[PDB]
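Q: Got a structure for you, questions after.
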Amino acid sequence: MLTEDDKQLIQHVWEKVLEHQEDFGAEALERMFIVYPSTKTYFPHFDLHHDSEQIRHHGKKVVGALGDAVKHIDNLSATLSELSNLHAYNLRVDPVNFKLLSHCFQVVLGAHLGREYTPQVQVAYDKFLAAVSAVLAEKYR
Amino acid sequence: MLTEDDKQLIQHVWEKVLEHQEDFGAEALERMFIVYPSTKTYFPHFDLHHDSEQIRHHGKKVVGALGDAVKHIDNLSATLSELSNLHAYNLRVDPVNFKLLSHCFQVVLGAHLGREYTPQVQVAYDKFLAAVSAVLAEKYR
Amino acid sequence: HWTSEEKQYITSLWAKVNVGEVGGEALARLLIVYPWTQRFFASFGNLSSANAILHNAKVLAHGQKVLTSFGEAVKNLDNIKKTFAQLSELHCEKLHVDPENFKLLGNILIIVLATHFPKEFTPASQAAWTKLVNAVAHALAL
Amino acid sequence: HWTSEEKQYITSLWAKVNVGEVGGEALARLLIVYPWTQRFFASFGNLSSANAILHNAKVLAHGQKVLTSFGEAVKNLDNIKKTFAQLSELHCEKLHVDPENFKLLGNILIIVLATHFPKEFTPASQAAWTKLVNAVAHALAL
Ligand code: HEM
Ligand code: HEM
Ligand code: HEM
Ligand code: HEM
C-alpha cells in the first residue's frame, strides 16, 4: 500500500510537475506515441505532430487528473469514477496501454529530476501510477 | 466489480468443488507444474509425482483458501492477509504465477463442468480469481 | 521442437474439433471476458451484452475463421512462423492489436478445448496445446 | 531492422554510459521496485530494505555484469539472438526466471538512462533503446 513516506516523496516531485502540467503531459504522451506507435490509433482525431495544440491541451488534462488523484489518494475509485467509465466503456482502452503511459511518465520524471529520481521515488510513483491504472480499468472487472 | 449474479454463478459451481477439494486442487496444481514447469521450482521440498500426498494435501489447502475467499468475497484483503504476507514476504511468488494457477484452475473447472462452464460462468471466475490474485500480491505494492 | 507425442496430442484432438462451434465460443468469450477487445469489432453490430455477443452472427463466423487459421498451424506444426507472417502484418501494422491479446485468445481456446474434451484434454495434452497457441501468438507478434 | 539513425542513438549514448553505476542502479531498482525478483538472489546477503539493497556490494557488482552483457548487444546489434543464446539457457533451464521479468529490467534501464542523460534521451532515443532492451528480452526468452 502507499505509505505516508511514499505520499511525501510523491508530493515533493509533483509540485514541480504542477508548474508545467502542459509540458510534462505532452512529453509523456509524445514518448508513448513515438515509442509505442500502436497507442496512436486511439487518437485519430488528433493532430499528432510535436507540440500540437491537441497534444498539449490533452497532456495538461492528463496531468490534471493525476494531480487530482494525488490529492485524493485514499479515495481513487470515486475520484476517477467518471474517467474509469470513459476509458473502459467509451474508449475501450487496452489495460496494457495504461502501463505504457505510466512508464513513459516515469521516463519524463526521471529525465526532469536527474539524480533526484531515486529508487525510493520510483517505487512511490510506480505504486501510485499502478493504482491509478487499476482504477481506470476496473470497469473491465 | 463482482455482481450478485457473478456470486451466484460462482457458488453454484463451487459447491461441487467443495465435494472434492483434494481432487480439484491437485489437478490444478499438476496442470500448472506440467504446462508451466518453471512453477515447480517453488516446490523443491515436494515429491511432485502424480497424486503424491504432498500435492494432494496442498491442493486441498489451496481449494480451502479459495473456498474461504468465496465466503468472504467482500472482505478479501483481511481474509487473505496471512496468505498475502506468506506469498510475498516468505515465498516471493512472481505475480505472473498467480495468473498461471488461476488459468489452470479454470481449465479444471471447464473440464469438469463441460457445457455448464458458459462464458458467463468463466467471466465470474475470471473476476474472482483475478481479485484473489491481486490480494495475494498486494504486499508488493 | 515438437515431439512425436506432442504432435499426436494436437493432430488427434483437432480431428475431432467442431471448428465453427469452438471458434465462435473462443471469440465470443474473448469479447466477453476481456471487453476492451470489442474495440476492434465496431462493425460487427450489437455486442452490448454477453447474450448479444453469443448471438452475434458475425462474431460466430469470425471465430470460425480464426480457429480455421489455428488449423493451419496444426496442419503444419514446423512452419508456423512462415504460415502466419501475413496475418502478423495484418494484426500489427493494419489493426494494431497489442500482442498480449494474442496470448489471451490462446488461453481462452485452451479452456474451451477443455470444456469440449474433458477425457482427452489431460495435463500432457494441455501442455502440447499450450505450446501450440503460444507459438501462434509468437508468430503473430513477429 | 536497425536504421543507421537508431544504431547511432544506441552507440553514441552507450559510449558515455558508466556501466558500473547504471548497472548497479538498474539491478538495485529491479529488486526494490519488483521485490519478488529478490527470490533469485538469496545468496547476495542482506536485501532487507531499499537502503540495504543500494549498499549491497554483490548487487552492485552483478548489475555491472548485467549492463556489461547489454553492452554486447550494443556492440553487435545484428546478432543479438546469437549473442545471448547462452544466457537464455541459463536464465530459463537453470534459473527459471519468468521472461516477463526480462521486460521489467529493460523498462528499468530505460528510466535509469533517462535520469542520467536527460538532454540526449529524446523520445526518438527512447524508441531506439526500447527496441534494444526488447530485443535482448526476446533473445533471452528464446
Ligand atoms: C495515466 C493514465 C491515464 C489518465 C489519468 C487519463 C486521463 C484522461 C482524461 C482526464 C481524459 C479526458 C480529457 C478531457 O476531458 O478533455 C482522457 C481522455 C482520453 N484518453 Fe486518457 N488517461 C490515461 C491513459 C490513457 C491511455 C493509456 C490511453 C490509450 C492510449 C488513453 C486514451 C484517451 C483518449 C482517446 C481520450 C479522449 C480525449 C480526447 O478526445 O480529447 N488514455 N484521459
Ligand atoms: C490461486 C492462488 C493461490 C492460493 C489461494 C494459494 C494458497 C496457499 C495456501 C493456503 C498455502 C498454505 C498451505 C498450508 O497452510 O499448508 C499456500 C502455500 C504455498 N504456495 Fe500458494 N496459493 C496460490 C498460488 C500460488 C502460486 C501461484 C505459487 C507459485 C507457483 C504458490 C506457491 C506456494 C508455496 C511454495 C507454498 C508453501 C506450501 C508448503 O510448503 O506446503 N502458491 N498457498
Ligand atoms: C492470436 C490468435 C489469432 C488468430 C489466429 C487470428 C486470425 C485472424 C484471421 C485469419 C483473420 C482474417 C479474417 C478473414 O478470414 O477474413 C483475422 C481478422 C481479425 N482479427 Fe484476428 N486472430 C487472432 C487474434 C486476434 C486478436 C487477439 C484480436 C484483437 C482482439 C484480433 C482482431 C482481429 C480483427 C479486428 C480482424 C479483422 C476482421 C474484420 O474486419 O472483419 N485477432 N484474425
Ligand atoms: C533481460 C536482462 C538480463 C540480462 C542481460 C542478464 C544478464 C546476466 C548475466 C550476464 C549473468 C551472469 C553473471 C556473471 O557474469 O557471472 C546473469 C546472472 C543472473 N541473472 Fe540475469 N540478466 C537479465 C535479467 C535477469 C532477470 C530479470 C533476473 C530475475 C530477477 C535475473 C536473475 C539472474 C540470476 C539469479 C543470475 C545468477 C547470478 C549469481 O548466481 O550470482 N536476470 N544475468
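So you can find residues: chains in the C-alpha cells are A, B, ... in the order shown, residues in each start at 1, and ligands are numbered from 1 in order.
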So which residues are near ligand 3, meaning at most 8 Å away with only C-alpha atoms and all ligand atoms counted, given back as a JSON list (two decimals) with C-alpha atoms, in the first residue's frame?

A:
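Okay, selection35.json is ready:
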```json
[["chain", "number", "residue", "atom", "x", "y", "z"],
["C", 30, "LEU", "CA", -12.66, -13.14, -25.80],
["C", 31, "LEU", "CA", -15.11, -10.24, -26.26],
["C", 36, "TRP", "CA", -11.68, -3.98, -24.43],
["C", 37, "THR", "CA", -11.14, -6.41, -27.32],
["C", 38, "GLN", "CA", -14.57, -5.30, -28.56],
["C", 39, "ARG", "CA", -12.79, -2.12, -29.72],
["C", 40, "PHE", "CA", -11.59, -3.99, -32.78],
["C", 41, "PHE", "CA", -15.07, -5.18, -33.81],
["C", 43, "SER", "CA", -18.54, -3.18, -37.42],
["C", 44, "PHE", "CA", -19.91, -6.44, -36.03],
["C", 62, "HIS", "CA", -15.29, -14.70, -37.46],
["C", 65, "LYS", "CA", -12.25, -18.19, -39.49],
["C", 66, "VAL", "CA", -9.89, -17.67, -36.54],
["C", 67, "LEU", "CA", -9.98, -21.33, -35.50],
["C", 68, "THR", "CA", -9.65, -22.31, -39.15],
["C", 69, "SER", "CA", -6.45, -20.26, -39.10],
["C", 70, "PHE", "CA", -5.28, -22.12, -35.99],
["C", 84, "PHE", "CA", 1.20, -16.64, -40.04],
["C", 87, "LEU", "CA", -1.65, -12.36, -40.53],
["C", 90, "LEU", "CA", -2.37, -7.59, -40.62],
["C", 91, "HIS", "CA", -2.84, -7.60, -36.84],
["C", 95, "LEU", "CA", -5.12, -3.50, -36.94],
["C", 97, "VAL", "CA", -3.73, -5.22, -31.79],
["C", 98, "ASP", "CA", -1.47, -5.41, -28.78],
["C", 99, "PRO", "CA", 0.35, -8.80, -28.84],
["C", 100, "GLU", "CA", -0.77, -9.52, -25.27],
["C", 101, "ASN", "CA", -4.24, -10.14, -26.66],
["C", 102, "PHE", "CA", -2.92, -12.98, -28.81],
["C", 103, "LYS", "CA", -1.90, -14.74, -25.60],
["C", 104, "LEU", "CA", -5.32, -14.11, -24.06],
["C", 105, "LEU", "CA", -7.15, -15.63, -27.04],
["C", 106, "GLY", "CA", -4.80, -18.62, -26.80],
["C", 133, "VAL", "CA", -1.27, -21.34, -29.11],
["C", 136, "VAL", "CA", 0.89, -18.93, -32.94],
["C", 137, "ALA", "CA", 0.89, -15.93, -30.59],
["C", 140, "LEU", "CA", 1.77, -13.22, -34.93]]
```

Q: Find the spatial neighbours of residue 93 of chain B, counting only C-alpha atoms, within a cut-off of 9 Å - ignore same-chain residues fewer than 2 positions away - and output them as number ranges by chain.

A: B: 42, 87-91, 95-98, 137; D: 36-37, 39

Q: Grab the residues selected above and save them as a PDB file, in the first residue's frame with N, CA and C atoms.

A:
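Final file, out38.pdb:
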```pdb
ATOM      1  N   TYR B  42       9.229 -23.693  -7.013  1.00  0.00           N
ATOM      2  CA  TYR B  42       8.682 -23.157  -5.768  1.00  0.00           C
ATOM      3  C   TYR B  42       8.404 -24.317  -4.813  1.00  0.00           C
ATOM      4  N   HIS B  87       2.914 -15.424   0.629  1.00  0.00           N
ATOM      5  CA  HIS B  87       3.305 -15.491  -0.770  1.00  0.00           C
ATOM      6  C   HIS B  87       4.249 -14.388  -1.217  1.00  0.00           C
ATOM      7  N   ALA B  88       4.175 -13.234  -0.566  1.00  0.00           N
ATOM      8  CA  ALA B  88       5.036 -12.118  -0.927  1.00  0.00           C
ATOM      9  C   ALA B  88       6.334 -12.070  -0.131  1.00  0.00           C
ATOM     10  N   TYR B  89       6.218 -12.003   1.191  1.00  0.00           N
ATOM     11  CA  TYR B  89       7.389 -11.914   2.055  1.00  0.00           C
ATOM     12  C   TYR B  89       8.192 -13.195   2.203  1.00  0.00           C
ATOM     13  N   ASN B  90       7.507 -14.321   2.353  1.00  0.00           N
ATOM     14  CA  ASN B  90       8.199 -15.588   2.541  1.00  0.00           C
ATOM     15  C   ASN B  90       8.546 -16.372   1.274  1.00  0.00           C
ATOM     16  N   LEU B  91       7.565 -16.579   0.404  1.00  0.00           N
ATOM     17  CA  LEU B  91       7.767 -17.350  -0.821  1.00  0.00           C
ATOM     18  C   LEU B  91       8.227 -16.545  -2.042  1.00  0.00           C
ATOM     19  N   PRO B  95       4.148 -12.498  -9.427  1.00  0.00           N
ATOM     20  CA  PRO B  95       2.731 -12.241  -9.733  1.00  0.00           C
ATOM     21  C   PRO B  95       2.220 -13.012 -10.943  1.00  0.00           C
ATOM     22  N   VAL B  96       3.083 -13.176 -11.937  1.00  0.00           N
ATOM     23  CA  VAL B  96       2.716 -13.896 -13.148  1.00  0.00           C
ATOM     24  C   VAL B  96       2.184 -15.298 -12.834  1.00  0.00           C
ATOM     25  N   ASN B  97       2.756 -15.929 -11.815  1.00  0.00           N
ATOM     26  CA  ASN B  97       2.347 -17.280 -11.458  1.00  0.00           C
ATOM     27  C   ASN B  97       0.938 -17.409 -10.904  1.00  0.00           C
ATOM     28  N   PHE B  98       0.417 -16.337 -10.311  1.00  0.00           N
ATOM     29  CA  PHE B  98      -0.943 -16.374  -9.798  1.00  0.00           C
ATOM     30  C   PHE B  98      -1.881 -16.497 -10.996  1.00  0.00           C
ATOM     31  N   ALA B 137      -0.928 -10.644  -3.880  1.00  0.00           N
ATOM     32  CA  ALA B 137       0.273  -9.960  -4.353  1.00  0.00           C
ATOM     33  C   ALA B 137       0.350  -8.491  -3.940  1.00  0.00           C
TER      34      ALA B 137
ATOM     35  N   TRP D  36       9.704  -9.359  -5.684  1.00  0.00           N
ATOM     36  CA  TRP D  36       9.715 -10.802  -5.864  1.00  0.00           C
ATOM     37  C   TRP D  36      10.982 -11.236  -6.597  1.00  0.00           C
ATOM     38  N   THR D  37      11.620 -10.312  -7.318  1.00  0.00           N
ATOM     39  CA  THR D  37      12.842 -10.664  -8.046  1.00  0.00           C
ATOM     40  C   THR D  37      13.971 -10.994  -7.072  1.00  0.00           C
ATOM     41  N   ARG D  39      13.904 -13.110  -4.943  1.00  0.00           N
ATOM     42  CA  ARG D  39      13.885 -14.566  -4.797  1.00  0.00           C
ATOM     43  C   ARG D  39      15.102 -15.222  -5.436  1.00  0.00           C
TER      44      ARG D  39
END
```

Q: Excluding segment 5-21 of chain A and residues on its chain fewer than 4 positions from it, collect all residues at most 12 Å away from it, counting only C-alpha atoms, and give them as a ChimeraX atom specification.

A: /A:1,25-28,56-74,105-106,108-110,112-114,116-129 /B:141

Q: Find the residue from D:58, D:119, D:77, D:96 that sits nearest to ligand 2; use only C-alpha atoms and all ligand atoms when measuring.

A: D:96

Q: What's the separation between atom 42 (N, counted along the ligand's line) of ligand 2 and atom CA of residue 22 of chain B, in Å to one decimal place?

A: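 So the answer is 15.4 Å.
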
Q: In terms of the shortest atom-to-atom distance over only C-alpha atoms, which of C:85, C:111, C:92, C:27 is closest to chain A?

A: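 Among the listed residues, C:92 lies closest to chain A.
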
Q: Please report the interatomic distance between atom CA of residue 2 of chain A and atom CA of residue 130 of chain A in Å with one decimal.

A: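 Calculated distance between atom CA of residue 2 of chain A and atom CA of residue 130 of chain A is 10.8 Å.
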
Q: Show me, as a list in words, every residue of chain C with an atom at most 6 Å from chain B, counting only C-alpha atoms.

A: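 Every residue of chain C that passes the 6 Å test is in residues 29, 33, 111, 114, 115, 118, 123 and 127 of chain C.
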
Q: For those residues, write N, CA, C and O atoms to a file as a compact mmCIF listing (two decimals), in the first residue's frame.

A:
```
# COMPACT_ATOMS: atom_id res chain seq x y z
N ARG C 29 -16.11 -15.55 -26.13
CA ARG C 29 -15.51 -15.48 -24.81
C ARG C 29 -14.43 -14.39 -24.73
O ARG C 29 -14.28 -13.75 -23.70
N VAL C 33 -15.05 -11.85 -21.80
CA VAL C 33 -14.14 -11.85 -20.66
C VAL C 33 -13.14 -10.70 -20.64
O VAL C 33 -12.72 -10.25 -19.57
N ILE C 111 -9.07 -23.27 -22.57
CA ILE C 111 -10.21 -23.53 -21.70
C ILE C 111 -11.39 -24.12 -22.49
O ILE C 111 -12.05 -25.05 -22.02
N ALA C 114 -10.93 -27.68 -23.22
CA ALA C 114 -11.11 -28.46 -22.00
C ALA C 114 -12.58 -28.77 -21.73
O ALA C 114 -12.92 -29.88 -21.29
N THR C 115 -13.45 -27.80 -21.99
CA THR C 115 -14.88 -27.99 -21.76
C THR C 115 -15.49 -28.94 -22.79
O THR C 115 -16.52 -29.57 -22.52
N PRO C 118 -13.06 -33.16 -22.07
CA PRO C 118 -12.57 -33.42 -20.72
C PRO C 118 -11.73 -34.69 -20.58
O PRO C 118 -10.72 -34.70 -19.88
N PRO C 123 -3.39 -33.23 -18.60
CA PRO C 123 -2.36 -32.21 -18.37
C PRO C 123 -1.33 -32.22 -19.51
O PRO C 123 -0.89 -31.16 -19.96
N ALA C 127 -0.39 -29.26 -22.17
CA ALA C 127 0.97 -28.79 -22.37
C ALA C 127 1.27 -28.65 -23.86
O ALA C 127 1.86 -27.66 -24.30
```

Q: Could you list, as a list in words, the residues of chain C having an atom within 12 Å of chain D when counting only C-alpha atoms?

A: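 The selection requested is residues 100, 135, 138, 141 and 142 of chain C.
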
Q: What does the distance from atom CA of residue 39 of chain B to atom 33 (C, counted along the ligand's line) of ligand 2 come to in Å, to one decimal?

A: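 These two atoms are separated by 9.3 Å.
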
Q: Compile the contact shell of residue 128 of chain D as a ChimeraX atom specification: residues with an atom at most 7 Å away, counting only C-alpha atoms, same-chain residues fewer than 6 positions apart removed.

A: /D:6,9-10

Q: Can you list every residue in segment 9-120 of chain B that DSSP puts in helix (DSSP H, G or I), as a PyMOL selection string?

A: chain B and resi 9-35+37-42+53-71+73-90+95-116+119-120

Q: I need the residue nearest ligand 2 from this list: B:51, B:134, B:139, B:75. Use only C-alpha atoms and all ligand atoms for the distance.

A: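 Checking each of B:51, B:134, B:139, B:75 against ligand 2, counting only C-alpha atoms and all ligand atoms, the winner is B:134.
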
Q: Nearest to residue 101 of chain A: which of A:133, A:41, A:4, A:23 is it, counting only C-alpha atoms?

A: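 Counting only C-alpha atoms, the residue closest to residue 101 of chain A is A:133.
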
Q: Of the residues A:55, A:77, A:82, A:43, which is the one nearest to chain B, using only C-alpha atoms?

A: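 Closest to chain B, using only C-alpha atoms: A:77.
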
Q: Between A:80, A:136, A:86, A:131, single out the one closest to chain B, counting only C-alpha atoms.

A: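 Checking each candidate against chain B, we get A:131 as the closest.
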
Q: Which polymer residues have any atom within 12 Å of an atom of residue 57 of chain C, counting only C-alpha atoms, with same-chain residues fewer than 5 positions away left out, as JSON, numbers by chain?

A: {"C": [20, 24, 25, 27, 28, 44, 45, 46, 47, 51, 52, 62, 63, 64]}

Q: Those residues you just picked out, can you put them in a file as a PDB file, in the first residue's frame with C-alpha atoms?

A:
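File again19.pdb, as written:
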```pdb
ATOM      1  CA  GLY C  20     -17.329 -23.481 -36.124  1.00  0.00           C
ATOM      2  CA  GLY C  24     -17.463 -18.993 -32.135  1.00  0.00           C
ATOM      3  CA  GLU C  25     -17.044 -19.915 -28.481  1.00  0.00           C
ATOM      4  CA  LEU C  27     -14.190 -15.362 -29.948  1.00  0.00           C
ATOM      5  CA  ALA C  28     -17.391 -14.686 -28.014  1.00  0.00           C
ATOM      6  CA  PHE C  44     -19.911  -6.442 -36.033  1.00  0.00           C
ATOM      7  CA  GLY C  45     -23.046  -4.764 -34.747  1.00  0.00           C
ATOM      8  CA  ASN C  46     -24.603  -5.304 -31.330  1.00  0.00           C
ATOM      9  CA  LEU C  47     -22.112  -6.511 -28.701  1.00  0.00           C
ATOM     10  CA  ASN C  51     -26.122 -12.685 -24.730  1.00  0.00           C
ATOM     11  CA  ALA C  52     -25.924 -10.205 -27.593  1.00  0.00           C
ATOM     12  CA  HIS C  62     -15.288 -14.702 -37.457  1.00  0.00           C
ATOM     13  CA  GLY C  63     -14.341 -17.150 -34.715  1.00  0.00           C
ATOM     14  CA  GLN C  64     -14.810 -19.907 -37.274  1.00  0.00           C
TER      15      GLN C  64
END
```
